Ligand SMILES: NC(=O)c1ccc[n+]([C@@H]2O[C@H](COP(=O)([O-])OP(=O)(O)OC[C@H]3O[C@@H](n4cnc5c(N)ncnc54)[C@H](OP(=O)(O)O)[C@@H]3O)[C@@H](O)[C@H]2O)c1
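Take a look at this one chain, the form solved without this ligand, written out in structure tokens.
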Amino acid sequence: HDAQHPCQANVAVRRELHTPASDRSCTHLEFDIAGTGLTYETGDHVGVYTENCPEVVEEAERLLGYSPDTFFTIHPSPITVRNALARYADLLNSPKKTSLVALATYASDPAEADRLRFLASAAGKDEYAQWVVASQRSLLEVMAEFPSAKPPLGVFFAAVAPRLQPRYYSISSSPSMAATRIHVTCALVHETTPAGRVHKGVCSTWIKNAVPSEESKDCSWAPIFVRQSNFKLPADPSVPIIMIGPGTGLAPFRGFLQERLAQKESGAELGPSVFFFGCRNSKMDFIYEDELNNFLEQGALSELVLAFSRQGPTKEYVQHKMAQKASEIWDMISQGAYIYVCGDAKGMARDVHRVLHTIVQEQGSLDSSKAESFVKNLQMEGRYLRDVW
């Protein structure tokens, strides 16, 4: 197989991970790779191809004016407009400037065409940055703003809408525990753009609503593929590890705990392992709670320190639980520990990154530049891994 060009894989199980008391959602999904050439390793990513929501496809058909019963060859052999808009057109992301140039070329209203060309010009870079990018206006909202821009079928797919990208997920299973299934842990995305558009995450919604073979024969399926990563466990189990990913950052570590549990059903000494997990509330989004405690019953995990974002008077996060445990994690580093970080890259990672910078000082007696350059060397050594998005 080839990673980029997918394998028609089937969804076997699809389950909600949060309690009904929770007001968010996170899905546990398993792809069935039996009878396929797909192989994966612990810590790898699975790329998933999806399709647009039907209402989004409808709005595009309204704006474009094509006959959805038109067959054409997208540079499936021939495909209808509706299915090309569903599976191959990114409709909700913001149009690039070259896409605006193409819209203007077909805008029959002088004022609208002038405004489109302006938005793509250097003189318009400031208005483009605010009205398109900062407001997260979709291509569909731009086209409604300029209803005279009617590009032909070929131009639209070649220059106006880019391809619907696959969404990547850090596999949450180990091949030793399930070489027939690729597990994913996918949080539902549902936000409101600054300009007020209700956006449903394209892939996370398709995963949340997918029909599993465990509940019906007429079950969902997706073209999937595996991407090799460097988010890997050390060579031998004696090496201690530190895992920090909260929320969906738990994903790869579930395979991490499955991999080492499988090996040491027949392997070697456990070696210290500590999992820093965080979530909103033990009654809401403590995903995989039972499975986590089972890993602690056996020798997989050794200590699971928890941070609760909205359970109690003190709002805690994984980095707050790290500074309290700053004494033992330093000991772990001198014992040669690998440190893993997975999950949100904008805040959690930045805060976790700048909290072990500050505890390698107090517990290391280095100043800033010496603590900074030291942490950098842990990365170059390959002992400080980050799988963030």
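We number the residues from 1 along the sequence you see.
Where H75 is followed by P76 in the displayed chain, the model omits 10 or more of the deposited residues that sit between the two. Of the two stretches examined, 307-315 and 77-85, the record assigns the greater average C-alpha temperature factor to 307-315.
Across the two stretches, 64-72 and 334-342, the PDB entry reports the greater mean Cα temperature factor for 334-342. Note on the listed residues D109, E141, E289, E191: the highest Cα temperature factor in the record is that of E289.
Residues shown: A104, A122, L296, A134. Highest C-alpha temperature factor in the entry: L296. Sorting the modelled residues of the chain by their CA temperature factor places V388 in the lowest third. Among all modelled residues in this chain, the alpha-carbon of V46 has a temperature factor (C-alpha) in the middle third.
Annotation for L92: C-alpha temperature factor in the lowest third relative to the rest of the modelled chain, per the entry. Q130: CA B factor in the middle third of modelled residues in this chain (values from the PDB entry). For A113, the recorded CA B-factor ranks within the lowest third of the chain. Only modelled residues enter the ranking.
A second form of this protein, the form deposited with this ligand bound, is not displayed here; the remarks below concern that form.
For the options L270, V189, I74, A178, the residue carrying a heavy atom within 4.5 angstroms of this ligand in the entry with it bound is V189. Think of it this way: in the entry with it bound, this ligand has a heavy atom of just one of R115, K232, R87, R280 within 4.5 Å, and the residue is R280. In the entry with it bound, at least one heavy atom of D344 sits within 4.5 Å of a heavy atom of this ligand.
Under a 4.5 angstroms non-hydrogen atom cutoff, this ligand in the entry with it bound has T248 among its neighbouring residues. Although the partner is absent here, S309 sits close enough that one of its heavy atoms falls within 4.5 Å of this ligand in the entry with it bound. When this ligand is considered in the entry with it bound, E61 lies well away from it, no heavy atom lying within 4.5 Å. Residues of just one listed stretch (240-248, 289-297, 217-225, 262-270) have heavy atoms within 4.5 Å of this ligand in the entry with it bound: 240-248. Along 319-358, residues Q319, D344, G347, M348, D351 each place a heavy atom within 4.5 Å of this ligand in the entry with it bound.
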